[PDB]
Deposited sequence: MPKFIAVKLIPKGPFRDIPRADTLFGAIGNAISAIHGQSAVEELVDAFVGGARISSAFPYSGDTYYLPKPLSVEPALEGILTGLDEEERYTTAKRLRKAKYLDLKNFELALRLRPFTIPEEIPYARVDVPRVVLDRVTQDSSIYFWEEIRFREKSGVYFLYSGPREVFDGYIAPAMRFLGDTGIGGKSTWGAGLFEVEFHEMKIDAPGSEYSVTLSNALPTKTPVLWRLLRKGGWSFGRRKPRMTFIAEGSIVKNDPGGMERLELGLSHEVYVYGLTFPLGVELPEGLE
């Protein structure tokens, strides 16, 4: 499918790589101050109504990175054909992100390679805590899927306002994903069914990590009192699973 990729050009260093639950939490908070709640209830409804935002992923020049789908992990013994199969299979297992080209292959369980240098570095300065040092023309992006009226109406106004540590531009972006019963989440999600393959993510909520596999799971949002909404919807792209 084709998407609107919200690119964050970083005017200075970041503290986290913000995944979808914290992105929506910030987009929501901006809308509270900028338009009041009536537009937050409307922002939620648009998202329950089918609209989706991905987690934030690394930005380099004209290269877009995406999360390695967990579907490949057990099927490494399929894209081989010992040392050249022991070492790589481990560095493939460890690899967190893929290029758009290699990610599109990973969905189809075709042979793919890994990004050599990932264009961000977690510096931990003592006094302690860490920042994220970005390369030149390198930053972070997240995808939006759904109607145009909602992007121009809610998301784009919210993101410019948030930028006022970063500037914002957006492009069209096609992801050639296979047709399948199973999909990869490009967003940390709160599942409704039991998923296929996953890594758990502790925040107190228990999320399914980015790259986890689901069979027709839209995820779900949660309302609670401390009202605030926690974004746990799936950003699904079709994926081919091995037999197992």
Exercise. Where does the model skip over parts of the deposited sequence?
Worked result: 1, 83-85, 132-144, 182-193, 233-242, 266-269, 288-289
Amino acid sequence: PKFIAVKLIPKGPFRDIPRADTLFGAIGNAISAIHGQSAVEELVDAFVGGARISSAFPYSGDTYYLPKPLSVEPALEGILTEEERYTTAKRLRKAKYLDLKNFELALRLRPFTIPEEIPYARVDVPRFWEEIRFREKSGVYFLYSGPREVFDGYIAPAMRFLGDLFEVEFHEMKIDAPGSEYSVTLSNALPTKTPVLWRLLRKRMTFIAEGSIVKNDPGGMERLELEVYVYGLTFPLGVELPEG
From here on, numbers count along this sequence of modelled residues.
Exercise. Can you tell me whether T87 lacks a model in a third or more of the other compared entries?
Worked result: no
Exercise. For the stretches 103-111 and 129-137, which has the higher mean C-alpha B-factor as given in the deposited record?
Worked result: 129-137
For this session: Averaging only over Cα atoms, indicate whether 116-124 or 139-147 has the higher B-factor in the PDB entry.
Result: 116-124
For this session: Please work out which residue in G220, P236, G12, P18 has the highest C-alpha B-factor recorded for this crystal structure.
Result: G12
For this session: Going by the recorded CA B-factors, say which third of the chain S60 sits in, lowest, middle or highest.
Result: highest
Exercise. Lowest, middle or highest third of the chain for the C-alpha temperature factor of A156?
Worked result: middle
Seminar exercise, completed: Here the Cα B-factor of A75, set against its chain, lands in the third termed middle
